[PDB]
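*Asks:* Pasting in a structure now, in structure tokens, and then I'll have a few things to ask.
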Amino acid sequence: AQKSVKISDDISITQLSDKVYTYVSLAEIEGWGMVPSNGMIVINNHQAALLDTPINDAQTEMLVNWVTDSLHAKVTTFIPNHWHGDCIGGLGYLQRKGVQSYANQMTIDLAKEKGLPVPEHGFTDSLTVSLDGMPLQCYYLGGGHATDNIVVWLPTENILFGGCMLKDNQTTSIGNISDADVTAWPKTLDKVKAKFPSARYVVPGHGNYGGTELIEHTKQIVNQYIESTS
Ligand SMILES: CCCCc1nc2ccc(O)cc2c(=O)n1Cc1ccc(-c2ccccc2-c2nnn[nH]2)cc1
Ligand SMILES: [Zn+2]
Ligand SMILES: [Zn+2]
């Protein structure tokens, strides 16, 4: 069991640790109706790192003030998982609040071509940003749900922000695969299960959070759809 607090009505936080909370932001992502989105809020010493924002700026600006008022951290760092509304959907807000963003370089080149706000720090494989001594370990383990998708590993917290390459234990859906690397994903999770075999929490990019079975579960999903289309 773990605390489920509502900031708005359509915005929930769930605290998995002393320095890490996770929320789901339901918003309307155009073309699919009402989708529930995930994100990590990570607090070290009044400094707040945010791992993906909601669909627009309003909820970015909903979650960002709550994390002021109640956690008395200033959001100063951000990391989108890929370039989807569900990742940087609300980065327009946050660069304006001068937040410093880090992401996959691929995702940087991408957003640019589609003309979205652009993160300012890139990497090609791994990049360990410090929230004041708190390593916040981002990696590019390969493409999946999308080509630029990455994972963030909180080394002190054994918390793995799996992202949209992962699905919950509850869903058996490949969801939205327009910018995917299907033949390729299957082997990303494989790498991901190998690197954080010891992750206590492994949260997806949608769906409820879990353990490391979320990995073997998503893989299946993917093989069931590859094996069922190819
Ligand atoms: C109507 C669409 C399906 C809704 C849904 N609802 C859920 C409810 C509970 C839950 O635990 C999981 C889901 C879920 O995965 N989904 C699937 C879902 C699938 C894709 C999307 C979506 C929409 C726009 C851009 C990217 C995505 C995306 N799809 N997969 N990962 N990310 C959004 C939601
Ligand atoms: Zn996505
Ligand atoms: Zn997504």
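Cβ coordinates were reconstructed from backbone atoms using ideal geometry, including for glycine residues, and neighbour counts include every protein chain displayed. Read the figures in this text as sums done on the coordinates, not as results from a lab.
*Asks:* Can you pull out the residues in region 6-47 that are more than 16 Å from ligand 1 (Cβ to nearest atom), over 15 Å from the mean Cα position of the chain (by Cα), within 20 Å of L94 (Cβ to Cβ) and in a strand (DSSP E or B)?
*Replies:* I43, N44, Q47, listed by residue number.
*Asks:* Give the residue, chosen from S173, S126, that is loosely packed, with under 15 Cβ neighbours inside 10 Å and within 16 Å of ligand 3 (Cβ to nearest atom).
*Replies:* Going through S173, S126 in turn, the sole match is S173.
*Asks:* Moving to a separate point now. Just a yes or no: is a residue in region 200-211 more than 16 Å from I150 (Cα to Cα), within 16 Å of ligand 1 (Cβ to nearest atom) and free of Cβ contacts under 8 Å to residues at least 24 places away in the same chain?
*Replies:* yes
*Asks:* Turning to a different aspect of this structure: Identify all residues within region 59-91 that are away from ligand 3 (no atom under 16 Å from the Cβ) and in contact with a helix residue (DSSP H, G or I) (Cβ under 8 Å, 6 or more places away or on another chain); write none if there are none.
*Replies:* Let us first name the residues in region 59-91 that are away from ligand 3 (no atom under 16 Å from the Cβ), namely 61-78.
Correct list: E61, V64, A73, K74, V75, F78.
*Asks:* Tell me, please, whether a residue that is under 25 Å from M134 (Cα atoms) and surrounded by fewer than 16 Cβ atoms within 10 Å (Cβ to Cβ) can be found in region 101-111.
*Replies:* For region 101-111, residues under 25 Å from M134 (Cα atoms) and surrounded by fewer than 16 Cβ atoms within 10 Å (Cβ to Cβ): absent.
*Asks:* Test each condition in (1) on the phi > 0 side of the Ramachandran plot; (2) of a type outside the set (G, A, S); (3) within 16 Å of ligand 1 (Cβ to nearest atom) for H72 and report the one that comes out false.
*Replies:* (3)
*Asks:* Go through (1) out of contact with any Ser or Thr (no Cβ under 6 Å at 6 or more places or on another chain); (2) part of a loop (DSSP other than H, G, I, E, B); (3) closer than 26 Å to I88 by Cα for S198 and report which single condition fails.
*Replies:* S198 satisfies every listed condition except (3).
*Asks:* To continue, here is another question. Tell me which residues, restricted to region 1-40, are surrounded by 15 or more Cβ atoms within 10 Å (Cβ to Cβ) and of a type in the set (F, W, Y).
*Replies:* Hits for region 1-40 are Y21, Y23.
*Asks:* Only one residue in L141, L116, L94 is within 17 Å of the chain's Cα centre (by Cα) and either assigned to a helix (DSSP H, G or I) or closer than 19 Å to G39 by Cβ (or both). Which one?
*Replies:* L94
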